[PDB]
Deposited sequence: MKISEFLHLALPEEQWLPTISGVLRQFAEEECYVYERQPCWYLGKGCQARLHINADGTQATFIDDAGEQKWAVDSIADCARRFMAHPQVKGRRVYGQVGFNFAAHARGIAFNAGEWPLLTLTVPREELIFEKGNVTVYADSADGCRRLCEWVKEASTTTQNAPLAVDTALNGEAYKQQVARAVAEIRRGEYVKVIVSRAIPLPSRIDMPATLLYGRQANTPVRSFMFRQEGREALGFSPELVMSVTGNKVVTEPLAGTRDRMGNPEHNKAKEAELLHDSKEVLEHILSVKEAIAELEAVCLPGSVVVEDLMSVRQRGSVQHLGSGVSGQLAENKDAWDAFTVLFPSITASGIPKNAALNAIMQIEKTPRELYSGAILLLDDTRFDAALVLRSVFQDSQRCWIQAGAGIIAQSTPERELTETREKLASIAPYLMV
């Protein structure tokens, strides 16, 4: 059912009142999903897999979350439908056999919605004021966390880790208004907003964890940052500065080389190539060094294998990845939940996975935004603090109440 832009989408989402819904932007389309026809839910410590459809609830064996995810995609209530997904930070720990302190958000949900609205401008097919935020607060404690990471790195425990900070927000956030105002101020590779079981998140994702089309897998590490928060002369001065800063270039190439190794774990030998090498990517309040790496999936590997290797983005966790994940759980004192996780859209053509950064989250107990910086041996705490505030300025100025 057919009909003959972002305001309209935003208003539609307000009429979705308290209902569960999923918004995903992948240009040229905006995807809106409402309700729940089938869902796989993995709880926060990965001890229970619950499947729900109209017929009932089931518990599924959860020895392998990836295997539950495969089971869901091949289910008869699911096959051939678009699936909207979220993957919490701690999915990595669980998949890798690394002890972790469980947060409160699920490790993984996949949902087939009951109703869908697809905007392919300026049409749509149907299927069936701002909160002031002080991003400097608690910076001294954060610079201490960075100093700890730098010392651990220089002792040789690991090479890179993303240390992040949560900013608690004073009041709850109007999701559709924030979506509208926040998006016009950003140029993300994806946008998302999801509401589910009392939890909400929205954000403007700066990079893909992963995209798979047929047999081709692509990942898009971004690493290395300057502001683009001044006039155009200041911005292009910052662009040049970024392309020639040896610390940012080094951070970038170390991440790209780990993305390559990761893909070689799941791809045909000799198929892994860098298609775009360290170009600047504009992302609202910041601009980033970005590369694109691609390969051909081996015969015995599927998109979930690739996602398990690629998740979380190197550029959100660290190098080597497992040691970085351990450092993150020792250093950070609040659960990341969905921050540095992934948003998924899965359909006929594609497995699509966006990194959850530049995002806001709220549930029954917490309401917060979150940002991190990639710490290497050369890092300076003051600079990394400032960098988090540059990233937070991608979302904080546009949190509507």
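Visitor: If I number the deposited sequence starting at 1, which residue ranges have no C-alpha coordinates at all?
Guide: No coordinates exist for the deposited residues in 1-4, 9-15, 140-161, so these stretches are absent from the model.
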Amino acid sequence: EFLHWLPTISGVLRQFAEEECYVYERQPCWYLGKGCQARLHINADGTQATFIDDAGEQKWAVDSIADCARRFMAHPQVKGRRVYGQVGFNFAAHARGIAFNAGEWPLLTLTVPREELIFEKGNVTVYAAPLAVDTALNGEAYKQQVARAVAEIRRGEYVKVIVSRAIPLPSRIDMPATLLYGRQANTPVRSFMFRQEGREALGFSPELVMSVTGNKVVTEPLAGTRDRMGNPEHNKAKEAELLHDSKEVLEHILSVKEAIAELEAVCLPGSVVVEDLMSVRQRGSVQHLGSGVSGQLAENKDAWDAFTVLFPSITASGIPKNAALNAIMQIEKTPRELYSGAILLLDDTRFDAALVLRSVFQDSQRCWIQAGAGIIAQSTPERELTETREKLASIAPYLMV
From here on, numbers count along this sequence of modelled residues.
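Visitor: Look over 379-387 and 9-17 in the entry and identify the one with the greater average Cα temperature factor.
Guide: Higher of the two, by average CA B-factor, is 9-17.
Visitor: Using only the Cα atoms and their B-factors as the entry lists them, report which of 284-292 and 164-172 averages higher.
Guide: Taking the mean C-alpha B-factor of 284-292 and of 164-172, the larger value falls to 164-172.
Visitor: If you compare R199, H244, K257, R155, which has the highest Cα B-factor in the entry?
Guide: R155 has the highest C-alpha B-factor of those listed.
Visitor: In terms of recorded Cα temperature factor, pick the maximum from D352, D45, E337, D54.
Guide: Highest C-alpha B-factor among the listed options: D54.
Visitor: Based on the deposited C-alpha B factors for this chain, I'd like to know if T178 is in the lowest, middle or highest third.
Guide: For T178, the deposited C-alpha B-factor lands in the highest third.
Visitor: Among the chain's modelled residues, which third holds the C-alpha B-factor of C29?
Guide: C29: CA B-factor falls in the highest third of its chain.
Visitor: Which third of the chain holds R71 when residues are ordered by C-alpha B factor: lowest, middle or highest?
Guide: Within its chain, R71 is a lowest-third residue by C-alpha B-factor, going by the deposited values.
Visitor: Split the chain's modelled residues into thirds by Cα B-factor; is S205 in the lowest, middle or highest one?
Guide: Its C-alpha B-factor, which the entry lists for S205, ranks in the middle third among residues of this chain.
Visitor: For the chain shown, is the CA B-factor of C367 in the lowest, middle or highest third of its modelled residues?
Guide: Ranked within chain, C367 CA B lands in the highest tercile.
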